[PDB]
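Pasting entry37.cif here (mmCIF, C-alpha atoms (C1' of nucleotides) and all ligand atoms):
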```cif
data_entry
#
loop_
_atom_site.label_atom_id
_atom_site.label_comp_id
_atom_site.auth_asym_id
_atom_site.auth_seq_id
_atom_site.Cartn_x
_atom_site.Cartn_y
_atom_site.Cartn_z
CA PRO N 2 -22.22 38.43 -8.82
CA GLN N 3 -25.49 37.31 -7.25
CA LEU N 4 -26.20 35.07 -4.23
CA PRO N 5 -25.19 31.81 -5.98
CA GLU N 6 -21.90 33.22 -7.25
CA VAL N 7 -21.05 34.86 -3.92
CA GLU N 8 -21.98 31.76 -1.92
CA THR N 9 -19.47 29.90 -4.10
CA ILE N 10 -16.75 32.45 -3.49
CA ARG N 11 -17.53 32.09 0.20
CA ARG N 12 -17.27 28.30 0.29
CA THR N 13 -13.95 28.12 -1.61
CA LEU N 14 -12.30 31.21 -0.08
CA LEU N 15 -12.84 30.35 3.60
CA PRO N 16 -10.35 27.44 3.86
CA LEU N 17 -7.77 29.62 2.11
CA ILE N 18 -7.84 32.45 4.61
CA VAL N 19 -9.15 31.02 7.87
CA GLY N 20 -6.73 31.43 10.75
CA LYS N 21 -4.42 33.80 8.93
CA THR N 22 -3.27 36.97 10.66
CA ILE N 23 -3.23 40.29 8.82
CA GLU N 24 0.19 41.92 8.85
CA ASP N 25 -0.61 44.73 6.44
CA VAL N 26 -3.40 46.16 4.30
CA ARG N 27 -2.49 47.97 1.10
CA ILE N 28 -4.89 50.14 -0.85
CA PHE N 29 -4.53 51.34 -4.44
CA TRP N 30 -8.04 52.65 -5.10
CA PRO N 31 -9.37 54.28 -1.89
CA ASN N 32 -12.90 54.88 -3.22
CA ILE N 33 -13.58 51.22 -2.54
CA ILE N 34 -13.21 51.92 1.17
CA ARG N 35 -16.54 53.28 2.42
CA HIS N 36 -16.19 52.92 6.18
CA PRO N 37 -14.11 54.14 7.78
CA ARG N 38 -14.10 56.72 4.97
CA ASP N 39 -10.42 57.41 5.72
CA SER N 40 -8.55 54.52 4.08
CA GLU N 41 -5.66 54.80 6.54
CA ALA N 42 -7.88 54.12 9.56
CA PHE N 43 -9.31 51.20 7.56
CA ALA N 44 -5.86 49.70 7.06
CA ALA N 45 -4.66 50.43 10.60
CA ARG N 46 -7.51 48.88 12.57
CA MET N 47 -7.20 45.59 10.71
CA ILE N 48 -3.47 45.09 11.16
CA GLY N 49 -2.99 42.38 13.79
CA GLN N 50 -6.37 40.63 13.46
CA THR N 51 -7.01 37.06 12.41
CA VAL N 52 -9.59 35.76 9.99
CA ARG N 53 -12.01 33.69 12.08
CA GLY N 54 -14.67 33.07 9.48
CA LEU N 55 -16.44 34.14 6.31
CA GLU N 56 -20.18 34.55 5.87
CA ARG N 57 -22.58 35.74 3.21
CA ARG N 58 -25.54 38.07 3.63
CA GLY N 59 -27.47 38.70 0.44
CA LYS N 60 -24.81 39.55 -2.15
CA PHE N 61 -22.28 40.64 0.51
CA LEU N 62 -19.27 38.81 1.88
CA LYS N 63 -18.77 39.18 5.63
CA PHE N 64 -15.21 38.52 6.74
CA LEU N 65 -15.16 37.80 10.46
CA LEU N 66 -11.97 38.93 12.18
CA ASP N 67 -11.24 39.41 15.89
CA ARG N 68 -13.26 42.44 16.97
CA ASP N 69 -14.19 43.67 13.50
CA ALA N 70 -16.21 42.49 10.51
CA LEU N 71 -15.35 43.45 6.93
CA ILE N 72 -18.34 43.83 4.61
CA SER N 73 -17.39 43.40 0.96
CA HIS N 74 -19.69 43.95 -2.03
CA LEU N 75 -18.26 42.84 -5.37
CA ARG N 76 -20.84 44.71 -7.48
CA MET N 77 -20.15 43.80 -11.12
CA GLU N 78 -16.48 42.74 -11.35
CA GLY N 79 -15.17 42.22 -7.80
CA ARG N 80 -12.95 39.15 -7.55
CA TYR N 81 -10.92 37.68 -4.66
CA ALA N 82 -7.83 35.47 -4.85
CA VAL N 83 -5.17 34.20 -2.46
CA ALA N 84 -1.56 34.15 -3.58
CA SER N 85 2.07 34.54 -2.58
CA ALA N 86 3.50 37.92 -1.64
CA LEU N 87 6.48 36.98 -3.81
CA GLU N 88 4.60 37.19 -7.11
CA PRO N 89 3.77 40.37 -9.10
CA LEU N 90 0.16 41.53 -8.86
CA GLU N 91 -2.46 40.95 -11.52
CA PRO N 92 -3.79 44.14 -13.13
CA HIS N 93 -6.73 45.96 -11.50
CA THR N 94 -5.74 44.80 -8.04
CA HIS N 95 -6.98 47.56 -5.74
CA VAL N 96 -6.86 46.17 -2.22
CA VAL N 97 -4.42 43.64 -0.80
CA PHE N 98 -4.45 42.12 2.69
CA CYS N 99 -1.03 40.76 3.59
CA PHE N 100 -0.87 37.85 6.04
CA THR N 101 1.97 36.93 8.36
CA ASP N 102 2.62 33.70 6.47
CA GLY N 103 3.66 35.35 3.22
CA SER N 104 0.33 34.88 1.44
CA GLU N 105 -2.09 37.64 0.43
CA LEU N 106 -5.79 38.08 -0.10
CA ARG N 107 -5.99 40.09 -3.33
CA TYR N 108 -9.09 42.00 -4.36
CA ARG N 109 -9.48 42.84 -8.05
CA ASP N 110 -12.18 44.99 -9.64
CA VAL N 111 -11.80 46.28 -13.21
CA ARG N 112 -14.62 48.83 -13.02
CA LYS N 113 -13.86 49.80 -9.40
CA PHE N 114 -17.51 49.53 -8.35
CA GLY N 115 -17.00 47.33 -5.27
CA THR N 116 -17.25 48.54 -1.68
CA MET N 117 -15.71 47.73 1.71
CA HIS N 118 -17.11 48.55 5.14
CA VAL N 119 -15.45 47.66 8.42
CA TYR N 120 -17.39 47.78 11.70
CA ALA N 121 -17.18 46.17 15.11
CA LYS N 122 -18.83 42.77 14.65
CA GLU N 123 -21.81 43.72 16.81
CA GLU N 124 -22.42 46.86 14.73
CA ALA N 125 -22.22 45.29 11.25
CA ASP N 126 -25.83 44.11 11.00
CA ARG N 127 -27.33 47.36 12.26
CA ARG N 128 -25.31 49.61 9.95
CA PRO N 129 -25.26 50.20 6.18
CA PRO N 130 -25.25 48.29 3.93
CA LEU N 131 -26.46 45.18 5.78
CA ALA N 132 -29.18 46.86 7.86
CA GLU N 133 -31.82 47.41 5.18
CA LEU N 134 -31.47 43.91 3.70
CA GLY N 135 -34.45 41.61 3.26
CA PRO N 136 -34.65 37.96 4.36
CA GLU N 137 -32.39 35.27 2.95
CA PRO N 138 -34.30 33.56 0.11
CA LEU N 139 -33.26 30.09 1.28
CA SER N 140 -34.47 30.77 4.83
CA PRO N 141 -37.91 30.27 6.44
CA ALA N 142 -37.97 34.07 6.81
CA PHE N 143 -38.58 34.18 3.07
CA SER N 144 -42.22 33.22 2.56
CA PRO N 145 -45.07 33.96 0.17
CA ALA N 146 -46.53 36.08 2.96
CA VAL N 147 -43.39 38.23 2.93
CA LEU N 148 -43.45 38.59 -0.83
CA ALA N 149 -47.16 39.42 -0.80
CA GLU N 150 -46.83 42.06 1.93
CA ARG N 151 -44.50 44.04 -0.33
CA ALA N 152 -46.28 43.34 -3.62
CA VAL N 153 -49.74 44.63 -2.68
CA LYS N 154 -48.22 47.89 -1.44
CA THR N 155 -46.52 48.89 -4.70
CA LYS N 156 -47.44 49.77 -8.28
CA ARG N 157 -44.06 48.94 -9.82
CA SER N 158 -43.11 45.93 -11.92
CA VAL N 159 -42.63 42.51 -10.36
CA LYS N 160 -39.12 42.53 -11.80
CA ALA N 161 -38.28 45.77 -10.00
CA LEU N 162 -39.81 44.29 -6.86
CA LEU N 163 -37.50 41.26 -6.81
CA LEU N 164 -34.38 43.26 -7.64
CA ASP N 165 -34.99 45.34 -4.51
CA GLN N 166 -32.65 43.93 -1.86
CA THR N 167 -34.86 45.23 0.97
CA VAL N 168 -37.65 42.93 -0.23
CA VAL N 169 -35.42 39.86 -0.41
CA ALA N 170 -31.62 39.57 -0.61
CA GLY N 171 -29.60 37.93 -3.38
CA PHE N 172 -31.39 38.10 -6.73
CA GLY N 173 -30.13 39.98 -9.78
CA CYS N 174 -31.23 40.26 -13.39
CA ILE N 175 -30.26 36.73 -14.34
CA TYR N 176 -32.11 34.87 -11.59
CA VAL N 177 -35.04 37.25 -11.51
CA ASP N 178 -35.61 36.67 -15.23
CA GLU N 179 -35.24 32.90 -14.81
CA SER N 180 -37.52 32.73 -11.80
CA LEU N 181 -40.22 34.71 -13.58
CA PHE N 182 -40.07 32.38 -16.55
CA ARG N 183 -40.24 29.29 -14.40
CA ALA N 184 -43.24 30.82 -12.62
CA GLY N 185 -44.99 31.75 -15.87
CA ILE N 186 -45.12 35.46 -15.02
CA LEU N 187 -44.32 38.39 -17.32
CA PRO N 188 -41.57 40.60 -15.81
CA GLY N 189 -43.49 43.80 -16.55
CA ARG N 190 -46.63 42.83 -14.62
CA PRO N 191 -47.47 45.34 -11.92
CA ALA N 192 -46.47 43.65 -8.65
CA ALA N 193 -49.91 44.36 -7.17
CA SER N 194 -51.61 42.63 -10.13
CA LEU N 195 -50.15 39.35 -8.92
CA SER N 196 -52.64 36.96 -7.37
CA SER N 197 -52.19 34.77 -4.30
CA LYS N 198 -51.73 31.73 -6.54
CA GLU N 199 -49.01 33.51 -8.55
CA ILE N 200 -47.27 34.76 -5.41
CA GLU N 201 -46.96 31.24 -4.04
CA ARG N 202 -45.76 29.96 -7.39
CA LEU N 203 -43.18 32.70 -7.79
CA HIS N 204 -41.94 32.02 -4.27
CA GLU N 205 -41.51 28.32 -5.02
CA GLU N 206 -39.61 29.15 -8.23
CA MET N 207 -37.44 31.84 -6.69
CA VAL N 208 -36.35 29.39 -3.98
CA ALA N 209 -35.75 26.55 -6.44
CA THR N 210 -33.79 28.55 -9.02
CA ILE N 211 -31.49 30.10 -6.45
CA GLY N 212 -31.06 26.70 -4.78
CA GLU N 213 -30.04 24.88 -7.96
CA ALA N 214 -27.71 27.70 -8.97
CA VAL N 215 -25.95 27.45 -5.61
CA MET N 216 -25.59 23.68 -5.97
CA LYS N 217 -24.18 24.17 -9.49
CA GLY N 218 -21.57 26.76 -8.46
CA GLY N 219 -23.44 29.64 -10.08
CA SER N 220 -23.27 30.95 -13.65
CA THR N 221 -20.19 31.87 -15.69
CA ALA N 232 -16.33 27.64 -12.49
CA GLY N 233 -20.14 27.64 -12.44
CA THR N 234 -22.39 25.55 -14.71
CA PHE N 235 -25.91 26.97 -14.22
CA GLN N 236 -25.72 28.78 -17.59
CA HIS N 237 -26.48 25.47 -19.30
CA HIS N 238 -29.75 25.65 -17.37
CA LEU N 239 -30.89 29.11 -18.48
CA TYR N 240 -34.38 29.36 -19.96
CA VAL N 241 -34.46 33.02 -21.00
CA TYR N 242 -31.49 35.12 -19.89
CA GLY N 243 -29.31 36.02 -22.88
CA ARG N 244 -31.35 33.80 -25.18
CA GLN N 245 -33.14 36.58 -27.05
CA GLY N 246 -34.06 35.47 -30.55
CA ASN N 247 -33.58 31.81 -29.66
CA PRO N 248 -36.42 29.28 -29.35
CA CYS N 249 -37.95 28.77 -25.92
CA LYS N 250 -36.80 25.45 -24.46
CA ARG N 251 -40.39 24.62 -23.53
CA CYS N 252 -42.52 25.92 -26.40
CA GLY N 253 -40.12 27.07 -29.12
CA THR N 254 -41.41 30.63 -29.19
CA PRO N 255 -38.48 33.03 -29.73
CA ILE N 256 -37.34 34.48 -26.40
CA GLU N 257 -37.78 38.24 -26.28
CA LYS N 258 -35.71 41.08 -24.86
CA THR N 259 -37.14 44.46 -23.94
CA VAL N 260 -36.62 47.02 -21.18
CA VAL N 261 -38.41 46.58 -17.86
CA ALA N 262 -37.54 49.13 -15.18
CA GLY N 263 -34.64 50.50 -17.25
CA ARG N 264 -32.94 47.11 -17.45
CA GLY N 265 -32.51 44.54 -20.22
CA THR N 266 -35.18 41.93 -19.56
CA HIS N 267 -35.62 38.49 -21.12
CA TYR N 268 -38.84 36.46 -21.28
CA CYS N 269 -40.97 34.05 -23.29
CA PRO N 270 -44.15 35.80 -24.47
CA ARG N 271 -46.03 32.48 -24.47
CA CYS N 272 -44.93 30.71 -21.30
CA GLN N 273 -45.15 33.88 -19.21
CA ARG N 274 -48.44 35.73 -18.65
"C1'" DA W 1 -31.23 58.71 -16.09
"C1'" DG W 2 -26.99 59.06 -15.08
"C1'" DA W 3 -23.54 58.01 -11.83
"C1'" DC W 4 -19.15 55.54 -10.98
"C1'" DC W 5 -15.76 52.82 -14.50
"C1'" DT W 6 -13.35 49.74 -17.83
"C1'" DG W 7 -13.53 46.73 -21.62
"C1'" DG W 8 -15.53 43.40 -25.06
"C1'" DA W 9 -18.90 42.16 -29.07
"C1'" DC W 10 -20.39 44.86 -32.94
"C1'" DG W 11 -20.38 46.53 -37.73
"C1'" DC S 1 -14.36 54.07 -35.14
"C1'" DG S 2 -18.44 54.49 -32.65
"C1'" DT S 3 -22.03 52.70 -29.96
"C1'" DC S 4 -24.09 49.50 -27.47
"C1'" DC S 5 -24.17 46.04 -24.10
"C1'" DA S 6 -22.64 44.36 -19.31
"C1'" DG S 7 -24.52 39.28 -13.78
"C1'" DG S 8 -25.06 46.63 -8.82
"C1'" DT S 9 -26.58 49.98 -6.40
"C1'" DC S 10 -27.15 54.85 -5.73
"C1'" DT S 11 -28.93 59.62 -6.90
ZN ZN E 1 -42.07 29.37 -23.87
#
```

What is this structure when it is put down as structure tokens?
Amino acid sequence: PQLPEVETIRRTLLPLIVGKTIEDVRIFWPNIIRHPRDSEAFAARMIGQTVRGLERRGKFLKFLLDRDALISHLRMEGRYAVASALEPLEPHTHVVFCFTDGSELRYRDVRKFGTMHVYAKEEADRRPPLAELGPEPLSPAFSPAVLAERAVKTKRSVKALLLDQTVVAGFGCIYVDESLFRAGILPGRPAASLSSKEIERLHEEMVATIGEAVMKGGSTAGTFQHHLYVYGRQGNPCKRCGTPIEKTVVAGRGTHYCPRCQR
DNA sequence: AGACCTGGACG
DNA sequence: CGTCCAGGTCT
């Protein structure tokens, strides 16, 4: 999940958990728990607290409790649902938070890649993983100046630049590829080879793409996949020029682009 | 890369 | 059967 997907999980999950009080926390795959590293301390400190809110920072979910904040990263497969304690669990359910009202927040993750960190609220933003994060793309803090400051300094591909969460938070392969297309820029271009005119353009497209995806509930629930120009369309005609979309490897990752529209 | 991980589209 | 992919991030 990327920013648009997570922002959607955030909007729909909040009303389902807000004001509930944790009675128990049950863990079935401890590796998910990263801080405290001991999964028993993790469970213990949360018992008794009440969900006060739910925020998003980059690709992370930030559950706001009483004194603590829980930082959850879904990675590839992480999924949350709220259900009755009286029903059997779905498979691949690794962490369950039991509330006093008989309902449960269930976390599922087939590949077990996801992570959970719990800190005191005041500590969350100055500790891993939130600390190194770049500006929110839909915030004024994300500007062409910001993008340019990082681009000139590096020799790596513009794709690799935008995937770096320290540069800007929220983009993954899908939306990076789409943004680059919309901005007419080849993914493999050295970041530094970008001009001021391209930087501004890319910034406008990055903001627009992520914005529309969020309004459309993301890609699959979501509907933004009907609005994909290049991702997963390899071999198919470009929607703008009819050139077959191409797929190669940029920075070790499957990359999609139109060889005509992008330069 | 290869790491952690599990499973679905491929012949 | 296998291998080849997969919307993350780390080493
Ligand atoms: Zn094209």

Inset, instruction - Could you tell me, counting only C-alpha atoms (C1' of nucleotides) and all ligand atoms, which protein and nucleic acid residues lie no more than 8 Å from ligand ZN 1 (chain E), written as a PyMOL selection string? - result: chain N and resi 248-256+269-273

Inset, instruction - Give as number ranges by chain every residue, naming chains and numbers as the document does, that has an atom within 10 Å of (-20.3, 51.5, -17.2), counting all atoms listed in the file. - result: N: 77, 112, 114; W: 3-7; S: 5-6

Each residue of chain S with at least one atom at most 9 Å from chain N should appear once, together with its nearest atom pair and the corresponding distance in Å (one decimal); atoms considered: only C-alpha atoms (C1' of nucleotides); ordering: chain, then increasing residue number; output as JSON lines.
```
{"residue": "S:6", "atom": "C1'", "partner": "N:77", "partner_atom": "CA", "distance": 8.6}
{"residue": "S:7", "atom": "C1'", "partner": "N:2", "partner_atom": "CA", "distance": 5.5}
{"residue": "S:8", "atom": "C1'", "partner": "N:76", "partner_atom": "CA", "distance": 4.8}
{"residue": "S:9", "atom": "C1'", "partner": "N:76", "partner_atom": "CA", "distance": 7.9}
```

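For residue 1 of chain W, the set of protein, DNA and RNA residues having any atom at most 12 Å away, when counting only C-alpha atoms (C1' of nucleotides) and skipping those fewer than 4 positions along the same chain, is residues 262, 263 and 264 of chain N; 10 and 11 of chain S.
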
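Separating atom CA of residue 197 of chain N from atom CA of residue 153 of chain N is a distance of 10.3 Å.
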
Inset, instruction - Write out as an NGL selection string which residues come within 10 Å of residue 123 of chain N when counting only C-alpha atoms (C1' of nucleotides), dropping same-chain ones fewer than 6 positions away. - result: :N and (68-70)

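Reported to one decimal place, the separation of atom CA of residue 203 of chain N from atom CA of residue 217 of chain N is 20.9 Å.
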
Inset, instruction - Please tell me which residues are no farther than 10 Å from (4.9, 41.3, 10.5) in the file, counting only C-alpha atoms (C1' of nucleotides), and write them as a PyMOL selection string. - result: chain N and resi 22-25+48-49+99-103

Inset, instruction - Take atom CA of residue 31 of chain N and atom CA of residue 96 of chain N and report the distance between them in Å, one decimal. - result: 8.5 Å

Would you place a box with edges along x, y and z of the file around all atoms of segment 167-184 of chain N listed there, add 5 Å to each of its six sides, and report the centre and edge lengths in Å to one decimal, as AutoDock Vina command-line options?
```
--center_x -36.4 --center_y 37.3 --center_z -7.8 --size_x 23.6 --size_y 25.9 --size_z 27.5
```

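Here the question is which of N:238, N:113, N:122, N:183 gets nearest to chain W using only C-alpha atoms (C1' of nucleotides), and that residue is N:113.
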
Inset, instruction - Could you give me, as an MDAnalysis selection string, the residues within 8 Å of residue 82 of chain N, counting all atoms listed in the file and dropping anything in the same chain fewer than 6 positions from it? - result: chainID N and resid 14 106:108

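In terms of minimum interatomic distance to chain W, N:93 ranks closest within N:207, N:93, N:259, N:36, counting only C-alpha atoms (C1' of nucleotides).
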
Legend entry - Surrounding residues of residue 163 of chain N excluding itself and chain neighbours under 3 positions, 7 Å, all atoms listed in the file, as number ranges by chain: N: 159-160, 168-169, 172, 177

Inset, instruction - Find the residues near residue 3 of chain S: any atom within 12 Å, counting only C-alpha atoms (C1' of nucleotides), skip ones fewer than 6 places away on the same chain, and give them as a ChimeraX atom specification. - result: /W:9-11

Because the input lacks atoms here, generate N, CA and C atoms for segment 5-36 of chain N and report them as a PDB file, keeping the file's coordinate frame.
```pdb
ATOM      1  N   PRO N   5     -25.841  33.098  -5.677  1.00  0.00           N
ATOM      2  CA  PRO N   5     -25.190  31.810  -5.980  1.00  0.00           C
ATOM      3  C   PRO N   5     -23.692  31.943  -6.226  1.00  0.00           C
ATOM      4  N   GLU N   6     -23.304  32.968  -6.975  1.00  0.00           N
ATOM      5  CA  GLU N   6     -21.900  33.220  -7.250  1.00  0.00           C
ATOM      6  C   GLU N   6     -21.135  33.551  -5.967  1.00  0.00           C
ATOM      7  N   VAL N   7     -21.687  34.461  -5.172  1.00  0.00           N
ATOM      8  CA  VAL N   7     -21.050  34.860  -3.920  1.00  0.00           C
ATOM      9  C   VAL N   7     -20.940  33.693  -2.945  1.00  0.00           C
ATOM     10  N   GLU N   8     -22.004  32.909  -2.817  1.00  0.00           N
ATOM     11  CA  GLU N   8     -21.980  31.760  -1.920  1.00  0.00           C
ATOM     12  C   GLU N   8     -20.875  30.788  -2.322  1.00  0.00           C
ATOM     13  N   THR N   9     -20.513  30.794  -3.601  1.00  0.00           N
ATOM     14  CA  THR N   9     -19.470  29.900  -4.100  1.00  0.00           C
ATOM     15  C   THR N   9     -18.098  30.457  -3.756  1.00  0.00           C
ATOM     16  N   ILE N  10     -17.954  31.766  -3.912  1.00  0.00           N
ATOM     17  CA  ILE N  10     -16.750  32.450  -3.490  1.00  0.00           C
ATOM     18  C   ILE N  10     -16.531  32.241  -1.996  1.00  0.00           C
ATOM     19  N   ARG N  11     -17.619  32.275  -1.237  1.00  0.00           N
ATOM     20  CA  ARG N  11     -17.530  32.090   0.200  1.00  0.00           C
ATOM     21  C   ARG N  11     -17.025  30.698   0.555  1.00  0.00           C
ATOM     22  N   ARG N  12     -17.623  29.674  -0.045  1.00  0.00           N
ATOM     23  CA  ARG N  12     -17.270  28.300   0.290  1.00  0.00           C
ATOM     24  C   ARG N  12     -15.810  27.947  -0.040  1.00  0.00           C
ATOM     25  N   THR N  13     -15.294  28.476  -1.144  1.00  0.00           N
ATOM     26  CA  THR N  13     -13.950  28.120  -1.610  1.00  0.00           C
ATOM     27  C   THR N  13     -12.861  29.016  -1.010  1.00  0.00           C
ATOM     28  N   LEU N  14     -13.242  30.234  -0.635  1.00  0.00           N
ATOM     29  CA  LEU N  14     -12.300  31.210  -0.080  1.00  0.00           C
ATOM     30  C   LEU N  14     -11.995  30.958   1.400  1.00  0.00           C
ATOM     31  N   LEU N  15     -13.003  30.550   2.161  1.00  0.00           N
ATOM     32  CA  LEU N  15     -12.840  30.350   3.600  1.00  0.00           C
ATOM     33  C   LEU N  15     -11.591  29.544   3.974  1.00  0.00           C
ATOM     34  N   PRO N  16     -11.467  28.312   3.456  1.00  0.00           N
ATOM     35  CA  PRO N  16     -10.350  27.440   3.860  1.00  0.00           C
ATOM     36  C   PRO N  16      -9.004  28.061   3.531  1.00  0.00           C
ATOM     37  N   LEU N  17      -8.997  28.997   2.586  1.00  0.00           N
ATOM     38  CA  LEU N  17      -7.770  29.620   2.110  1.00  0.00           C
ATOM     39  C   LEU N  17      -7.315  30.778   2.964  1.00  0.00           C
ATOM     40  N   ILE N  18      -8.214  31.317   3.776  1.00  0.00           N
ATOM     41  CA  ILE N  18      -7.840  32.450   4.610  1.00  0.00           C
ATOM     42  C   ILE N  18      -8.020  32.212   6.101  1.00  0.00           C
ATOM     43  N   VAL N  19      -8.812  31.207   6.464  1.00  0.00           N
ATOM     44  CA  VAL N  19      -9.150  31.020   7.870  1.00  0.00           C
ATOM     45  C   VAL N  19      -7.888  30.849   8.700  1.00  0.00           C
ATOM     46  N   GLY N  20      -7.837  31.551   9.826  1.00  0.00           N
ATOM     47  CA  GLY N  20      -6.730  31.430  10.750  1.00  0.00           C
ATOM     48  C   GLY N  20      -5.501  32.240  10.392  1.00  0.00           C
ATOM     49  N   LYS N  21      -5.551  32.950   9.274  1.00  0.00           N
ATOM     50  CA  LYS N  21      -4.420  33.800   8.930  1.00  0.00           C
ATOM     51  C   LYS N  21      -4.515  35.149   9.639  1.00  0.00           C
ATOM     52  N   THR N  22      -3.355  35.730   9.921  1.00  0.00           N
ATOM     53  CA  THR N  22      -3.270  36.970  10.660  1.00  0.00           C
ATOM     54  C   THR N  22      -2.803  38.086   9.740  1.00  0.00           C
ATOM     55  N   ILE N  23      -3.568  39.171   9.689  1.00  0.00           N
ATOM     56  CA  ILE N  23      -3.230  40.290   8.820  1.00  0.00           C
ATOM     57  C   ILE N  23      -2.029  41.056   9.340  1.00  0.00           C
ATOM     58  N   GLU N  24      -1.035  41.228   8.481  1.00  0.00           N
ATOM     59  CA  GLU N  24       0.190  41.920   8.850  1.00  0.00           C
ATOM     60  C   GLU N  24       0.177  43.323   8.252  1.00  0.00           C
ATOM     61  N   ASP N  25      -0.535  43.468   7.143  1.00  0.00           N
ATOM     62  CA  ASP N  25      -0.610  44.730   6.440  1.00  0.00           C
ATOM     63  C   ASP N  25      -1.862  44.758   5.571  1.00  0.00           C
ATOM     64  N   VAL N  26      -2.318  45.963   5.250  1.00  0.00           N
ATOM     65  CA  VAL N  26      -3.400  46.160   4.300  1.00  0.00           C
ATOM     66  C   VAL N  26      -2.950  47.271   3.389  1.00  0.00           C
ATOM     67  N   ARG N  27      -2.960  47.009   2.085  1.00  0.00           N
ATOM     68  CA  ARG N  27      -2.490  47.970   1.100  1.00  0.00           C
ATOM     69  C   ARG N  27      -3.608  48.347   0.148  1.00  0.00           C
ATOM     70  N   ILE N  28      -3.765  49.642  -0.076  1.00  0.00           N
ATOM     71  CA  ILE N  28      -4.890  50.140  -0.850  1.00  0.00           C
ATOM     72  C   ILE N  28      -4.399  50.948  -2.036  1.00  0.00           C
ATOM     73  N   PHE N  29      -4.949  50.656  -3.213  1.00  0.00           N
ATOM     74  CA  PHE N  29      -4.530  51.340  -4.440  1.00  0.00           C
ATOM     75  C   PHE N  29      -5.663  52.111  -5.107  1.00  0.00           C
ATOM     76  N   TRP N  30      -6.897  51.835  -4.701  1.00  0.00           N
ATOM     77  CA  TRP N  30      -8.040  52.650  -5.100  1.00  0.00           C
ATOM     78  C   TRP N  30      -8.956  52.868  -3.898  1.00  0.00           C
ATOM     79  N   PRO N  31      -8.748  53.982  -3.188  1.00  0.00           N
ATOM     80  CA  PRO N  31      -9.370  54.280  -1.890  1.00  0.00           C
ATOM     81  C   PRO N  31     -10.893  54.361  -1.935  1.00  0.00           C
ATOM     82  N   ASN N  32     -11.456  54.729  -3.083  1.00  0.00           N
ATOM     83  CA  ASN N  32     -12.900  54.880  -3.220  1.00  0.00           C
ATOM     84  C   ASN N  32     -13.664  53.620  -2.838  1.00  0.00           C
ATOM     85  N   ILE N  33     -12.990  52.483  -2.931  1.00  0.00           N
ATOM     86  CA  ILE N  33     -13.580  51.220  -2.540  1.00  0.00           C
ATOM     87  C   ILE N  33     -13.891  51.215  -1.050  1.00  0.00           C
ATOM     88  N   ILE N  34     -13.012  51.829  -0.269  1.00  0.00           N
ATOM     89  CA  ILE N  34     -13.210  51.920   1.170  1.00  0.00           C
ATOM     90  C   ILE N  34     -14.335  52.904   1.498  1.00  0.00           C
ATOM     91  N   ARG N  35     -15.407  52.409   2.103  1.00  0.00           N
ATOM     92  CA  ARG N  35     -16.540  53.280   2.420  1.00  0.00           C
ATOM     93  C   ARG N  35     -16.639  53.608   3.904  1.00  0.00           C
ATOM     94  N   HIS N  36     -16.254  52.661   4.747  1.00  0.00           N
ATOM     95  CA  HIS N  36     -16.190  52.920   6.180  1.00  0.00           C
ATOM     96  C   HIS N  36     -15.102  52.065   6.801  1.00  0.00           C
TER      97      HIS N  36
END
```
